[PDB]
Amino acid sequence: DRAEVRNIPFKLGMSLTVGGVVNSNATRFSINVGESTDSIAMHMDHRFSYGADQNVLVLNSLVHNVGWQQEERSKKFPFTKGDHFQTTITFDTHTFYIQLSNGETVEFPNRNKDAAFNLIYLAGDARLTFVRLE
């Protein structure tokens, strides 16, 4: 099953740090911040091999009973199958601020202008090993 933190509000001014390990033969895994598996304000997918996507980050939002919105992509990809990663996320009402394992950063709009989220989860071909949400 997926790894999740539920109903511990991730609020404006708080920081989320997750650590994990990428599966050896991973296709892709995602880190998700939102309200449900069908309501995601910040989805960050890490694509080792997905169709034609290789070594790319793909970010988007998922709206309940509606679907995926406009994707954003980054070629920053400091991730290795079989290896640990760590990611830090903070946000204000306009922006999600993501910091990757190597210190590079990606930003993604806070499309709903949410000030808090009740669900953080990892899905796909990786596992989590630690979390700080505070």
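A residue's number is simply how far along the shown sequence it sits, counting from 1.
Q: Return whichever of 36-44 and 64-72 has the greater mean Cα B factor according to the PDB record.
A: Per the deposited B-factors, the answer is 64-72.
Q: Mind pulling up the entry and telling me whether 48-56 or 102-110 has the higher mean Cα temperature factor?
A: Going by the record's values, the stretch with the higher mean is 48-56.
Q: Out of 93, 90, 30, 27, which shows the largest CA B-factor listed in the entry?
A: The listed residue with the largest C-alpha B-factor is 93.
Q: Highest Cα temperature factor in the entry, among the options 22, 12, 122, 119: which one is it?
A: Result of the comparison over 22, 12, 122, 119: 12.
Q: Should residue 127 be placed in the lowest, middle or highest third of its chain by the C-alpha B factor in the entry?
A: Within its chain, residue 127 is a middle-third residue by C-alpha B-factor, going by the deposited values.
Q: Taking only the Cα B-factors deposited for this chain, tell me whether residue 133 sits in the lowest, middle or highest third.
A: Its C-alpha B-factor belongs to the lowest third of this chain's values.
Q: Divide the modelled residues of the chain into thirds by Cα B-factor and specify which third, lowest, middle or highest, holds residue 85.
A: It belongs to the middle third of the chain when residues are ordered by C-alpha B-factor.
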